[PDB]
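Chemist: mmCIF, C-alpha atoms, saved as final-v7.cif, coming up:
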```cif
data_start
loop_
_atom_site.group_PDB
_atom_site.id
_atom_site.type_symbol
_atom_site.label_atom_id
_atom_site.label_comp_id
_atom_site.auth_asym_id
_atom_site.auth_seq_id
_atom_site.Cartn_x
_atom_site.Cartn_y
_atom_site.Cartn_z
ATOM 1 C CA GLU J 133 204.409 -59.282 92.945
ATOM 2 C CA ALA J 134 203.325 -56.410 90.705
ATOM 3 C CA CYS J 135 205.638 -53.510 89.882
ATOM 4 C CA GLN J 136 206.895 -51.393 92.801
ATOM 5 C CA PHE J 137 207.539 -47.653 93.173
ATOM 6 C CA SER J 138 210.724 -46.122 94.601
ATOM 7 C CA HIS J 139 212.061 -42.544 94.722
ATOM 8 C CA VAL J 140 215.170 -40.745 96.006
ATOM 9 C CA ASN J 141 215.082 -37.112 97.193
ATOM 10 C CA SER J 142 217.185 -35.223 99.773
ATOM 11 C CA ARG J 143 218.435 -31.708 100.517
ATOM 12 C CA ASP J 144 221.940 -32.354 99.137
ATOM 13 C CA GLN J 145 220.914 -34.948 96.547
ATOM 14 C CA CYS J 146 221.413 -32.507 93.636
ATOM 15 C CA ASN J 147 222.458 -34.194 90.345
ATOM 16 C CA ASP J 148 221.911 -33.834 86.575
ATOM 17 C CA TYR J 149 219.136 -35.579 84.646
ATOM 18 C CA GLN J 150 221.499 -38.119 83.096
ATOM 19 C CA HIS J 151 223.250 -38.672 86.419
ATOM 20 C CA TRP J 152 219.923 -39.478 88.055
ATOM 21 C CA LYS J 153 218.951 -41.823 85.218
ATOM 22 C CA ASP J 154 221.993 -43.909 86.110
ATOM 23 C CA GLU J 155 221.630 -43.637 89.891
ATOM 24 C CA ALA J 156 217.930 -44.537 89.830
ATOM 25 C CA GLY J 157 219.017 -47.507 87.737
ATOM 26 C CA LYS J 158 221.498 -48.742 90.343
ATOM 27 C CA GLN J 159 219.054 -48.072 93.182
ATOM 28 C CA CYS J 160 216.573 -50.476 91.595
ATOM 29 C CA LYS J 161 219.147 -53.006 90.401
ATOM 30 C CA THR J 162 220.965 -53.201 93.734
ATOM 31 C CA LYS J 163 217.554 -53.512 95.385
ATOM 32 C CA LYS J 164 215.748 -56.862 95.487
ATOM 33 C CA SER J 165 212.425 -58.372 96.539
ATOM 34 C CA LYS J 166 211.775 -60.410 99.682
ATOM 35 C CA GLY J 167 212.949 -63.504 97.796
ATOM 36 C CA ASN J 168 216.269 -61.851 96.948
ATOM 37 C CA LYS J 169 214.914 -61.406 93.415
ATOM 38 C CA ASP J 170 215.770 -58.724 90.825
ATOM 39 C CA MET J 171 213.876 -55.761 89.358
ATOM 40 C CA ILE J 172 214.445 -53.390 86.435
ATOM 41 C CA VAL J 173 213.372 -49.750 86.033
ATOM 42 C CA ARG J 174 210.068 -49.346 84.213
ATOM 43 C CA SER J 175 209.567 -45.568 84.579
ATOM 44 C CA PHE J 176 211.882 -42.682 85.433
ATOM 45 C CA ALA J 177 211.573 -38.903 85.805
ATOM 46 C CA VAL J 178 213.168 -36.220 87.989
ATOM 47 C CA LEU J 179 211.264 -34.652 90.906
ATOM 48 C CA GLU J 180 212.253 -31.448 92.702
ATOM 49 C CA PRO J 181 214.227 -28.741 90.780
ATOM 50 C CA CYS J 182 217.867 -27.903 91.566
ATOM 51 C CA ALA J 183 220.623 -25.713 90.065
ATOM 52 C CA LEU J 184 220.318 -24.714 86.370
ATOM 53 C CA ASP J 185 220.593 -28.326 85.112
ATOM 54 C CA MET J 186 220.044 -30.440 88.221
ATOM 55 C CA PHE J 187 217.342 -32.024 90.419
ATOM 56 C CA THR J 188 217.182 -32.241 94.228
ATOM 57 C CA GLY J 189 215.456 -35.613 93.872
ATOM 58 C CA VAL J 190 214.187 -38.177 91.365
ATOM 59 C CA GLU J 191 211.291 -40.651 91.147
ATOM 60 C CA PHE J 192 211.410 -43.993 89.329
ATOM 61 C CA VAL J 193 209.308 -47.159 89.080
ATOM 62 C CA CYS J 194 210.604 -50.735 89.292
ATOM 63 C CA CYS J 195 209.274 -53.951 87.724
ATOM 64 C CA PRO J 196 210.085 -57.713 88.195
ATOM 65 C CA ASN J 197 210.425 -58.014 84.420
#
```
Please render this file's structure as structure tokens.

Modeler:
Amino acid sequence: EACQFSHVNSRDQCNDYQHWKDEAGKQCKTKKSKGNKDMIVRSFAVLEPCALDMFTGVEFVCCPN
């Protein structure tokens, strides 16, 4: 019912801030609730650090808005 939390972080998953912003967006959009519903992305911020301008993983929140 309420908003849900979802993150993506792996050893190879190393992408730029902007790149993640888009990916995290698709991860939530493509994802759905038990009732095959839809959910947007309420919050978003990178997690683990990667190369100069990259992150090994990213965390983002989803909402049924």

Chemist: When you look at region 180-184 of chain J with a cut-off of 9 Å (counting only C-alpha atoms), what residues show up, excluding the ones that are within fewer than 3 positions of it in the same chain? I need them as a list in words.

Modeler: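 The neighbour list is residues 141, 146, 147, 148, 187, 188, 189 and 190 of chain J.
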
Chemist: For residue 173 (chain J), please output as a PDB file with C-alpha atoms, in the coordinates of the input all residues within 7 Å (counting all atoms listed in the file; exclusion window: fewer than 5 positions along the same chain).

Modeler:
```pdb
ATOM      1  CA  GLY J 157     219.017 -47.507  87.737  1.00  0.00           C
ATOM      2  CA  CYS J 160     216.573 -50.476  91.595  1.00  0.00           C
ATOM      3  CA  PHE J 192     211.410 -43.993  89.329  1.00  0.00           C
ATOM      4  CA  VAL J 193     209.308 -47.159  89.080  1.00  0.00           C
ATOM      5  CA  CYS J 194     210.604 -50.735  89.292  1.00  0.00           C
ATOM      6  CA  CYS J 195     209.274 -53.951  87.724  1.00  0.00           C
TER       7      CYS J 195
END
```

Chemist: J:168, J:178, J:186, J:159: which is nearest residue 138 (chain J), counting only C-alpha atoms?

Modeler: J:159

Chemist: Rank nothing, just name the residue among J:156, J:179, J:140, J:172 nearest to residue 196 (chain J), using only C-alpha atoms.

Modeler: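 Using only C-alpha atoms, the shortest distance to residue 196 (chain J) belongs to J:172.
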
Chemist: Please, what distance in Å, to one decimal, runs between CA of residue 142 (chain J) and CA of residue 162 (chain J)?

Modeler: 19.3 Å

Chemist: Report, in Å with one decimal, the straight-line distance from CA of residue 169 (chain J) to CA of residue 152 (chain J).

Modeler: 23.1 Å

Chemist: Choose the residue, out of J:154, J:191, J:133, J:185, that has the smallest atom-to-atom separation from residue 166 (chain J); count all atoms listed in the file.

Modeler: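 Comparing J:154, J:191, J:133, J:185 against residue 166 (chain J), the winner is J:133.
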